[PDB]
Each structure stands twice: as C-alpha cells, then as structure tokens.
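Laboratory data are not the source of any read-out in this text; all were calculated from the coordinates shown. When we count neighbours, we look across all protein chains shown, and the Cβ atoms used for this are built from the backbone with ideal geometry, even at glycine.
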Amino acid sequence: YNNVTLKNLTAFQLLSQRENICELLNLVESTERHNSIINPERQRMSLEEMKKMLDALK
Amino acid sequence: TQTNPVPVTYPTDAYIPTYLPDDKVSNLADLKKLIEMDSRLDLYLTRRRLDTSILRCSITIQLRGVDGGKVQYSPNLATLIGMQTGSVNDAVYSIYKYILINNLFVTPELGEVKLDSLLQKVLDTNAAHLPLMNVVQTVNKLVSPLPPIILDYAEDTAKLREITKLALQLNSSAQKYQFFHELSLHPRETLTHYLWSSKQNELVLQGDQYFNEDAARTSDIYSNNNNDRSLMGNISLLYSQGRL
Amino acid sequence: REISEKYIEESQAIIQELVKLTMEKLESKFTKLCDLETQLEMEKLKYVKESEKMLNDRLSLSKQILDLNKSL
Amino acid sequence: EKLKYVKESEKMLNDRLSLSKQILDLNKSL
C-alpha cells in the first residue's frame, strides 16, 4: 500500500472520474464529504480561536 | 545528519493552487505572507542556531579529580608557550601561532617549517625542514597528564504532517472546482474526453483477468479462444526463439 | 450555506488583522534582535583583539626570557 | 553574552596591567 501499481493508479483515476459525473445527474449524495470538511461549528471555532488571538495579541 | 537529505514516506510541504479565483478566497496571498514570515523566522533561527557556537612504604592515592581539563606540560613545551599547565588545544594553537609569528614556512613550501633553536629543542629534532603534520603529531606526545598525590616516607513534525494533510484536502477541492468550472466553460470537450478516457480506463483495468489460479489450470484459455486471439498465436513466435 | 457563509465572511477580516499584527510583532522582535546582534560582534572583536595582543605579549616575553638565559 | 565578554575583556586588560607591573620588576632587577 506504500507503493502504487498500474492497477492502483487506474482504479484511483477511474473512481475519481466517475464520481464527478455522478454529481451532475446527482444520483449520489456526497453530503457527508461536504459538511465534514466544511464543519461550520469548527469554522466559527476557527474564527473564535482567531478572535481570541486578536484579543491575546492586543 | 547525512550528506544527502533523508527521504520520507509521508508528504513534505505540498503545494498551494494559484489557478483558484482569488476574488472568492482572498486568503491565499495572506497565507502566503505567513509562509515567508515563518521561513524568514526559520532562516533567522537556523542562522542563530549555527551562530551560537560559531621497611618504609609510600602513599599513592588515585584521586577523584584526575581530569584532563588542566593537563600537564613538558618543560620544553612549557617555555615555548609560557604557561605552566593550561590545556592541550591551547598548546596546539599557541604552537601554531608561534610558527606563524616567526614565519618559518616559506617567504611542500608551507608544510616544511624552518626549524629554529626552540622548535628543535621542544621536538628534539635537528632538521632544517619538517612538515607541520609531524609537528602537531608530537604535541600529542609532548603532553603528559596531571600527577596524583604521592607521599613517600516532536509535535512540530505531526503539526507539519497535519498541515501537509490539510493542504492535500485543499488541493482536492480546488481541482474539484475547476473540472466543473471547465465543464461549465466547455461541457463538450471534457465529456467527450470523459467518455473516451473513462472508456480507456475501463480498458486498462480490464487488462488483468485471465491470469488467476484456476483460470489457467482449466482449458478455457487455449481451446476455442480465437475470439480472444491474444495467446495461442505466439506459439509461431515463441517456438521460433526456443522459448517453448 | 448560511452558517458556512457567516463564518467565511467575518473570518477573513480576523485573518488579515491577525496576520498583519503578526507582521508587526515579529519585525519588532527582528529589529530589536538584529541590533542586539551588532553590539555583540563589537565586544566579540574587542575581546579577541586584546587577547590576541595579550598572547603576542606572552610569546614575546618568552623570547625575552631567552636573552636572560644566555647570559648565565 | 553582552555582559560576559566585557567581564572577560577587563579581566584581561587588568591582567595586562599586572603584566605591566611585571615589566617594572624587570626595570629594577638589573
């Protein structure tokens, strides 16, 4: 798994090529992979950690 | 460390996209300001880390403080230097500066020194020319130790890896933007490209299936597979080279 | 989108305020330190240039002792 | 180290003064 094969590279490309076309028709959801990387409660926690670092450094 | 960098299996400092429309992000250049800020801070720190160092019996007792910090001198080496018992590295440097003051090398021309009276006295040599390698070698001989008492009668790697892992997640969403963007730019010549390349990648992944254990031990490879045509046509070629 | 948009709009102001404030405090620590470095190198040169003359005094004094050992 | 080298320099300069006193012993030994 540390190496890649010619089988591994084509399977990585074809699975990634088929999922973007699976979004235009929207027969896949892909909502778990969106909001977990958005994570808007972390994004404000990122903001609140940025907000306190204004307050601590002033 | 080595003379070459150490290869690692986790990624090290992945790139940041620049084709991203920065009117929407407006933070790539400000994050770029942080990286050159950190590297200049890393430049000053690594420079500072480099620059912070740039019958009657006798009493014989082997003491606790037998140390080579103040090491004894031979009396010839003592009077050429001047000090009584300083150190061994100061003995080498004061000897080397004494030859450099007297200008004995040349006016090997630099290896051979002009042996003066004191230099012939401290080395017990009598040549006119002698290399400096053998001069400093006897300084390892001319120095004796001190005599005892005689009485007679991290987290930053995982932080970098997490930042390397999170930058890989940034490279995914930027590429996922631009494909649909260039599909919004051209829906024609990326779907015709898709319908060819996904067909081509379907061909490549389906190139390895007739090489299993019980797929070759049976005879549904050789017999009647002229529709296959792939093997059993090389027997006119492999026998012609003796491969059998 | 709206919870994402709320903390995507206020954040960039807090981003570029902090990074610019980081530029202030870091460069202030630089100009303090790069001028404290120059005051070292003077005393590093001044301690050497006297001890170099001290060692030249010590080697010339041993050569003056040679005159005091030939007259005995 | 800004304090250390001045602590070492003036000690060497005072050692130059006591060595200068040893020169005065060379001015009265003969």
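Taking 35 Å as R0, compute the FRET efficiency from the Cβ-Cβ separation of B:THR85 and B:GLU109 and round it to 0.05.
Approximately 0.50, to the nearest 0.05.
If you take every residue apart from B:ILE35 with its C-beta less than 11 Å away from the C-beta of B:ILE35, what net charge results, scoring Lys and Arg +1 and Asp and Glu -1?
Summing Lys and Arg as +1 and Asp and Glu as -1 gives -2.
Determine which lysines satisfy two conditions relative to B:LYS24: a Cα distance under 26 Å, and not lying fewer than 8 residues away in the same chain.
A:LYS51, A:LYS52, B:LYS32, B:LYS33, B:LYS165, B:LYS176, C:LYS6, C:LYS20
Just to confirm the filter: which trypsin sites (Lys or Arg not before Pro) across segment B:193-244 are DSSP coil and have at most 15 other Cβ within 10 angstrom of their Cβ?
Those satisfying the criteria are B:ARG229, B:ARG243.
Could you tell me which residue out of B:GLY233, B:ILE54, B:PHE211 lies farthest along the dipole of chain B toward its positive end? Charges go on the beta carbon: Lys and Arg +1, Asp and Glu -1, centred on the Cα centre.
Final value for the positive-end residue is B:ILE54.
Could you list log10 I(q)/I(0) for chain C at q = 0.15, 0.22 Å⁻¹, which the Debye formula gives when each Cα is one point scatterer?
Treating every Cα as an identical point scatterer, log10 I(q)/I(0) equals -0.76, -0.95.
Counting only other chains, what is the mean number of Cβ atoms within 10 angstrom of the Cβ of each residue in peptide C:36-42?
Taking all residues of C:36-42 together, the mean is 2.
Once the Cβ-Cβ distance between B:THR18 and B:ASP51 is put in as r, and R0 is 35 Å, what FRET efficiency do you end up with, to the nearest 0.05?
Efficiency, from the Cβ-Cβ distance: 0.45.
Taking every residue in B:18-28, how many Cβ atoms of other protein chains lie within 10 Å of its Cβ, on average?
Mean inter-chain Cβ contacts per residue within 10 Å come to 1.
The protein assembly as shown: D in µm²/s via Stokes-Einstein (Kirkwood Rh, Cα pairs, 4 °C, 1.567 mPa s)?
Translational diffusion coefficient: 40 µm²/s.
Residue farthest toward the positive end of the dipole of the protein assembly as shown, with Cβ of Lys/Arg at +1 and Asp/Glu at -1: which of A:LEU27, B:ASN134, D:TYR5?
My answer, from the dipole projection, is B:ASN134.
Under a cut-off of 17 Å between alpha-carbon atoms, report the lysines in cross-link reach of A:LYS7, not counting same-chain residues fewer than 8 places apart.
Straight-distance partners of A:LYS7: B:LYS199.
Rounded to the nearest 20 debye, what is the charge dipole size of chain A about its Cα centre when +1 sits on each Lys and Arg Cβ and -1 on each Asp and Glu Cβ?
Once rounded to the nearest 20, the dipole reads 200 debye.
Find the centroid of the Cα atoms in segment A:13-36 and in segment C:17-55, then give the distance between the two in whole Å.
One Cα centre to the other: 56 Å.
About its Cα centre, what dipole magnitude does the protein assembly as shown give when the only charges are +1 on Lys and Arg Cβ and -1 on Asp and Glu Cβ, stated in debye to the nearest 20?
Computed about the Cα centre, the dipole is about 1740 debye.
Given labels modelled 7 Å from the Cα in the Cβ direction, how far is it in nm from B:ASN227 to B:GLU189?
Those two pseudo-labels are separated by 3.9 nm.
To the nearest whole number, what is the average tally of beta carbon atoms from other chains within 10 Å of the beta carbons of peptide A:9-21?
Neighbouring Cβ atoms belonging to other protein chains average 5 per residue here.
Give me the dipole magnitude in Debye, nearest 20, for chain C about the Cα centre, with unit charges on the beta carbon: positive for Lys and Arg, negative for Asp and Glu.
700 debye
Taking the C-alpha atoms of segment A:2-58, how large are the radius of gyration and the largest Cα-Cα span, Dmax, in Å?
19.2, 55
Hey, rough spin-label estimate for C:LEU40 and C:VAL19, points 7 angstrom out along Cα→Cβ, what's it come to in nanometres?
Placing both labels 7 Å beyond Cα along the Cβ direction yields 3.2 nm.
What are the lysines whose alpha-carbon lies under 16 Å from the alpha-carbon of D:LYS7, with same-chain residues fewer than 8 places away excluded?
C:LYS44, C:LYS46, C:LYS49
So if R0 is 22 Å, what FRET efficiency would B:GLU162 and A:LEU57 give, r being the distance between their Cβ atoms, rounded to the nearest 0.05?
Computed FRET efficiency for B:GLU162 and A:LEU57: 0.45.
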